[PDB]
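As structure tokens, the next two blocks hold two forms of the same chain, structure 1 and structure 2.
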Structure 1
């Protein structure tokens, strides 16, 4: 009966879904699960190698998956322009729904993950006032999230009883061995390099990030949120924010990261805005030495140190969201973000990404 198709299983959320779904006490259980991704390689889950952006390969790989009941859409193309983000991401989404909906007679629910950029315009009101809420109108700017929702909504009409849910996290704290968008990983690699070079963990970000309130969204809680919507009647045909239930300051998270690598913590330096891309320019050889000296997973810096992403997060103000609707609709999940941050650092170490 309960059969998951995780679309993007090698990603950060894909991985959390991959670990949690098959567990004995998981709601909706016991689950059979398929994990789909572009890579070959690498256990209870039924792996399918598929390129979602190829109409033929999606037709070939997903049509035979006759028994799936719930799809979890957690993949995204990231392009140079937003217009391209729409062409690319729509094509992918359509390709999966066109391969699944016709061929799965027990399809109950598609769960779509987007993000907090639903609420955020380019710049450039027009804008929204935080904390962000779910059902206040869409901003007038182009946004591939909006396009994905409309596709989903349109495709839900072509089968009766088929439900949907949208999941909108903020900045994700998580892990996967292959992630190419890992904030926590990225900060671990920066910390590791500072330790190696005998340098202080200088703060690489703005003041609003250092001293303001921020939140974040745990990879495992986001997975639980997806699962909740799969099984809860009050979650059906609704969009929802997912964040941790608490608030933090980078001022304090920086010390925690410092402590986890035994490196001197830096403080907010007035008079700049300090970037990871700049500080880590030319560190490719230094990283290889760290990987060799310690018996690490053989990685290149560009695959584990995603600086532009970390800078985008640490160089801007964090606008908070609201968990009221999720709670009101019955999702009482939370995380203690400082503890979760330590936990995801530990996970980077356990997989020998970082020493």
Structure 2
């Protein structure tokens, strides 16, 4: 009898897990689902409501209070993180949160079977702070690569999980390492599609061309990405497949694309003129969208949108970090060899997530 604890339930993956876990034909089902986040749940309709639990996992008292009673939990899906200005700080804050979850859950869940930990491709590249300062691995990235000799909160979380799994015989684990996520959640700290949608909406509102804010390697080189639903399916697969247990796995869509073409897709979905690559002039979202708070609010008012603030949906630093750099590919061989054959057409998926942003009235 399967009982999920989604930690970070309003997040970009938490949300997909929340929609998918309760479906009738979901492997491991029928699933009971608990969902944890700090903010109150948004007032949008759920086809299959989950048991929502308000908790700050960084507080040991609150996590103990909120999660100890949840004694029927079989599977933990850890899909959150704390974003801090230095990687030392990231290790500090992220380790406490994760240890808080495990300390409350492991002693109190007699049927606990599995811990699914989501990290990412920075496993192979090193922390945001190291970018361009540090030698990283040769792509395509495979899971047999050794850890870089530079601190990474991902490594710290893995070690905690391995330690803590020895508390309970039978308890297995998995690690999930996506690249850039194409998904839905206006609650997310890193949401590329959302960010790009808001930018495109503003361009349309102002009668401006959708200028390309990025580098040539992003425009004209190969990129890949990781679909939020596919990632949720990957978590679920590890939860149910014996060949997935006690292994780290990459998750990406199984195809490649170029922003040259995705940018044209974006433009078409918003009815806006498409910018081409601008040589020898460097263009950042952070710069172009500076001071656009009141223009965004005007858009929300004029189109009866969900009332968002520009900083909560236009994650410009994240979009610039992606579009301003070359994309280094990972490999899905290991996933496929262990039995995960899921994939997504990234172009079709992109349109679908843009449509979802419009259906939930984040953008017009």
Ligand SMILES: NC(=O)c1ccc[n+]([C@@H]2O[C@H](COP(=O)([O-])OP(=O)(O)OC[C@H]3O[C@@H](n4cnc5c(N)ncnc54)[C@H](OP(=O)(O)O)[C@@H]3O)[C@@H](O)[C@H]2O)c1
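Positions refer to the first chain, counted from 1. Rigid core: the largest C-alpha set superposing within 1.5 Å between the two forms.
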Block containing the form solved without the ligand is structure 1
Superposing on the core, what C-alpha displacement does residue 65 show between the two structures, in angstrom?
0.1
Taking the rigid core as reference, the Cα of residue 176 travels between the two structures a distance in Å of 1.6
